[PDB]
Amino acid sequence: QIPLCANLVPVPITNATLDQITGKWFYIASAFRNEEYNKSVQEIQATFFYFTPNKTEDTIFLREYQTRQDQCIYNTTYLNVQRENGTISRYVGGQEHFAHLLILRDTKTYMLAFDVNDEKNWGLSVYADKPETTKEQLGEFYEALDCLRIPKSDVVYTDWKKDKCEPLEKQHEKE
């Protein structure tokens, strides 16, 4: 009687999948079951970032340009990859958290499903290769939320008009 979620089926990460995610992405939206997670995420006004996989070490080097309180905060870190599980992981508050990487029909968008920990904390984020998207580009994201029974009204979106990091990224590139 519990309908299952075809867009959330894990898919093993290969060297080809690591090439597919190499490059620049924009953070578009998330929604979590935990309300404090939604409110925490609400302070992030925009974020774009670059991934550079290291296939030997099963890591990905992340350079992130986040706008928070109307300024740019730049940070680098390493994510771990669990190839056979289809997950990538990041240390959050000193604990490793895992997410399934789900590359969408259109390889221009992908989602991270945070469905590896306690069920009361599950959530979904979606990313694209441009800062703006259409409702249609987000079809798989909204279907998955419906299937996870997270209402659309809990989604937190970034607002690209608020970005402050394009000026920095531009200088990082001139150098």
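We number the residues from 1 along the sequence you see.
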item: Of 67-75 and 92-100, the one with larger mean CA B-factor; value: 92-100
item: Stretch with the higher entry mean CA B-factor, where the candidates are 47-55 and 117-125; value: 117-125
item: Highest-ranked of 166, 154, 19, 159 once sorted by CA temperature factor in the record; value: 154
item: Where the record places residue 26 (Cα B-factor, split into thirds across the chain); value: lowest
item: Residue 61 - which third its CA temperature factor falls in, relative to the rest of the chain; value: lowest
item: For residue 41, the third of its chain into which the C-alpha B factor falls; value: highest
item: Third of chain Cα B-factors occupied by residue 141; value: middle
